[PDB]
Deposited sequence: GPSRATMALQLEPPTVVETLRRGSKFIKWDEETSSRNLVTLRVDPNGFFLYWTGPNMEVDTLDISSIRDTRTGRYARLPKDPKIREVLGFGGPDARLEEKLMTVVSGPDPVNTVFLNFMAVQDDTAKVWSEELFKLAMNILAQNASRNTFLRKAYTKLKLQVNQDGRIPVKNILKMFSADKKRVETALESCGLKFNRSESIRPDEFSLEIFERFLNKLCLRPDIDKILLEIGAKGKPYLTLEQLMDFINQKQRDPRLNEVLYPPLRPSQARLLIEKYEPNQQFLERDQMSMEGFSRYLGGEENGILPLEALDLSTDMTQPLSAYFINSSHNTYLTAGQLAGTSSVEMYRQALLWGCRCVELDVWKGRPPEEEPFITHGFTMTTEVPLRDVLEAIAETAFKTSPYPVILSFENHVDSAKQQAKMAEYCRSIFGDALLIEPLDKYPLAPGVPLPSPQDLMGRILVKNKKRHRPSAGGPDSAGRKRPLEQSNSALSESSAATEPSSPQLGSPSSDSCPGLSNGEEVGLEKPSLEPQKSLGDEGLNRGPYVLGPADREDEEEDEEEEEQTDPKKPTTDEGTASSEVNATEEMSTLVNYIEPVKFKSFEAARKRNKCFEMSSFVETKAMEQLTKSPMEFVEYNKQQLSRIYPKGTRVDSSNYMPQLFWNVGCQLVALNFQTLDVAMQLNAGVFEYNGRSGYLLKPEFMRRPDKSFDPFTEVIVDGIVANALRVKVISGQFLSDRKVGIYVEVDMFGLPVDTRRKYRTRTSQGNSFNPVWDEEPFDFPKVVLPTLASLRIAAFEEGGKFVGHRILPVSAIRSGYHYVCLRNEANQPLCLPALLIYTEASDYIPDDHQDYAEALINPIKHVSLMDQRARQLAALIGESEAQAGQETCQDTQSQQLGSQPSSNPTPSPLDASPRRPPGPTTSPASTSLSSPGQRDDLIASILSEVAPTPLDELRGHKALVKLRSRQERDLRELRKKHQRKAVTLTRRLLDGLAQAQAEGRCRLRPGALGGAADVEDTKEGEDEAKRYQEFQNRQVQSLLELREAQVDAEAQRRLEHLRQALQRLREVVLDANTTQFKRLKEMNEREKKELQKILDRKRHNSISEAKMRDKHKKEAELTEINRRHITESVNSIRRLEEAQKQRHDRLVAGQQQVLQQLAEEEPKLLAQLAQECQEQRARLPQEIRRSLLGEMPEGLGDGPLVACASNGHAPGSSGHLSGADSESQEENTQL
């Protein structure tokens, strides 16, 4: 983990010919990156500095992966032998389906390999995605300082647009701090400094949410805390009490002296070991008072366990970008999937044409648009390991019938994937009855193939494989599911059996304990039914709660199910692998998942989320209400909680009501919070999905993301969590429990 560092060849600049295939118009701009590592600004075509949020970059592909120009007007201008090493395209956008391109082209040699490697390092950096609150206000000040007009000054039409809840405050708050406050005038960029913009935001909003904290910690009449009143503010109110204090040591009066000397503005308080009120309104959104600690965000999990004991992020018919009937399949959707953190994709290989025999991808019997197979595996082998080095599981729906297309698609995977295609069993784990699967460590950097060795939609009419395609299937393998007592008696842990959403609900509730007892040895993927033709998603928490691994969603339509499966896989270093909790992967001590009581062996937790307030939540003057879900085992799932809608009074509302309790959660390393904040009228604003065993207690700022887990600049909440340990007709017995979870 490193803070975002800008290398010297990005701060000064290079010269890039920016072109666009739409209007066929290319300028000559000089790219820069500001020294914080926030924006990518260049002086525009009519002398107005554009930007691009560097956290809103999904990939920066260069070289042979880039987008070449197809218009001979632009092609004769840029000069199209080896000069496709100076190109650079920077894709962006909120969702996978909506991506914009910025087709640059460098003018000096070997300056595009340097840039596109050092822009992808700045877009996928953890500490500039889980950053502080005070960092996310310097990311909204640098946006205001870069975009000057032609004269070179900051226009006041931009400060009245960014903080635009009511512009009668901003016209007043600019006029009282000593700037030019008219609608058409300009502020010079060296009289609009960070000490002034900090004084701008204090005059803008009124903060009783902070001031309610300053009465409970003892600051009564003097405008400063002591060192002692802060040293037992952290160790009494903001310390996670599940953890062992011998390994996580409490705060010392020599260690808290640095927290004063890092934040306190005045000098008469710095030498006396005292922190003022502005020093405490700076500390609450500092880089130590975060909602999550940095042990549950980097690659720190026991990666030695076998492959049957992991949540693997996966997908279902991931080549589609629309509904399952009359959509349009693409090949860019794989690159956006495998970069997000997916680890199991789906390919529907169909028989090609009688002119020339090569396979391709489409949905069966729906006349959806077709993409060719050869360019899919090149869009897989390129970007399989750009964000996470942990193995990818291809999952064919082999529907062809000719023998020559079977061998041709076998020669493609042994050529495009190179040595990353696992064609041989490992030395340590051979395929015999009674062994376990490999670990992700020993498969790190490899690619497996899932195919038959030697309401289903289309996956039931599948063909018998041949001797060439069956050579690649080594560890993960599909076999038609017969029974449970046949599976455990046979004990081949290199088998798997797919289940649709319907036929796995008939086997979630009929016998859940034998399902988990089978899901410690073997695999079983879960993919939704064919009657969700608008590509909506079932909840994945239905089938993690019995320990299925590859629970598959539709990555194109981001409802609350797909906003879960990209907020619970942001942890463990965005690697797409999460370790199952201990009693779901251990061959001795089993448990019923539907337990209304606690289990002897898992410690239980208790949670009390209080949603106090939240700043800068919307562009228009309207009320905000906050929903606090908590998914988990079916005795943990509570989806009824909501605050009351505020009045929309100012930039920050204040909710003053009772906290939301979660008293007895039986399995807390499986549960996960969710704090969504809506507009009054169903319009989304933000959400953040937190795990339960890792969340700290105390007063924190939750900085909201959008619906695809990209950080929003301005909006946040100020919530107060309080975690602590716990001190105390078969179908309708179970179908009445899951109805809080199905929705």
- Message: Checking coverage: what stretches of the deposited chain sequence are missing C-alpha positions?
- Response: 1-10, 91-94, 469-573, 848-864, 880-1232
